[PDB]
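The data below hold one chain only, encoded as structure tokens and taken in the form deposited in one PDB entry.
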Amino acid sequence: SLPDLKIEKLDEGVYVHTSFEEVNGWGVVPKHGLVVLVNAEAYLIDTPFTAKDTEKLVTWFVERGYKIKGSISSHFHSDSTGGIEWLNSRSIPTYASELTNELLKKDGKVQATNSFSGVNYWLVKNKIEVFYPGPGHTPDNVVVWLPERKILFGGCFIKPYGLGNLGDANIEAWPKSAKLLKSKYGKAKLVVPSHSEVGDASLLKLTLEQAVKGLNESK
């Protein structure tokens, strides 16, 4: 049996949710996302793997008095988008980049109800920012920045000890994207990866080194 959904406070108004799925050739895979509170409204940063855990996550915050105002998915893989169909069924606004939605549509999967195009986007002005560093883990991966807390959710782009699943990866572009990401968020207090533990800004450097190492290996 897979471990249960975990919800843990990371900072004021910021929670980490961890869900688990068995993924072929990878084993049981932990997935971190965030829940961000702005007054009495909650925003999901990535959904858990499944509708089940997405519902558990939503009920947990609603039963504590937070309205779910929306979700954003950092890329098209199911560990970021698995709960979009369920959220859509509950009339909770779902967001993804235009390219993420395109890839979902291409894969015959449910798409977010809202989309954004361009390098920067405010999900919530001055509270929750989305940034596209360029292709890496996937062509569409984006990160989410919380300027009030100096917290960066790096998603599956942040890979400080190894690059993970390269099936949809762009190894040529990843070092360039990681360099850009590092320049932009060097002052992050915390960096939250999808598949390894929260760290500080050094995770940006480590990701860059792993990206460079990964590209070098392929030649």
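Numbering starts at 1 and runs along the sequence shown. Just so we're on the same page, rigid core means the largest C-alpha set that superposes within 1.5 Å between forms.
### Task
Once the rigid core is lined up, would you tell me whether 190-198 or 25-33 has the higher RMS CA deviation in 7 other deposited structures of this protein?
Result of the core-fitted comparison in 7 other deposited structures of this protein: 25-33 deviates more.
### Task
Determine, for stretches 81-89 and 144-152, which one has the higher mean CA B-factor as deposited.
It is 144-152.
### Task
Between 47-55 and 158-166, point out the one with the higher average CA B-factor as the PDB entry records it.
If you average the C-alpha B-factors of 47-55 and of 158-166, the larger mean comes out for 158-166.
### Query
Out of 173, 68, 34, 37, which shows the largest CA B-factor listed in the entry?
Among 173, 68, 34, 37, the PDB entry lists the largest C-alpha B-factor for 173.
FYI, the form deposited with a small molecule bound isn't displayed, but the following is about it.
### Contact residue in the deposited bound form, chosen from 156, 181, 152, 44 - any heavy atom within 4.5 Å of the small molecule
Looking at 156, 181, 152, 44 one by one, just 156 meets the 4.5 Å heavy-atom criterion.
### Query
in the deposited bound form, which of the stretches 181-189, 58-66, 23-31, 36-44 has residues with heavy atoms within 4.5 Å of the small molecule?
That would be 23-31.
### Task
Answer for residue 97 alone: is it within 4.5 Å of the small molecule in the deposited bound form, judged on heavy atom distances?
Judged by the heavy-atom cut-off of 4.5 Å, residue 97 is well away from the small molecule in the deposited bound form.
### Query
Would residue 170 count as a contact of the small molecule in the deposited bound form, using a 4.5 angstroms cut-off between non-hydrogen atoms?
Result no; residue 170 lies far from the small molecule in the deposited bound form.
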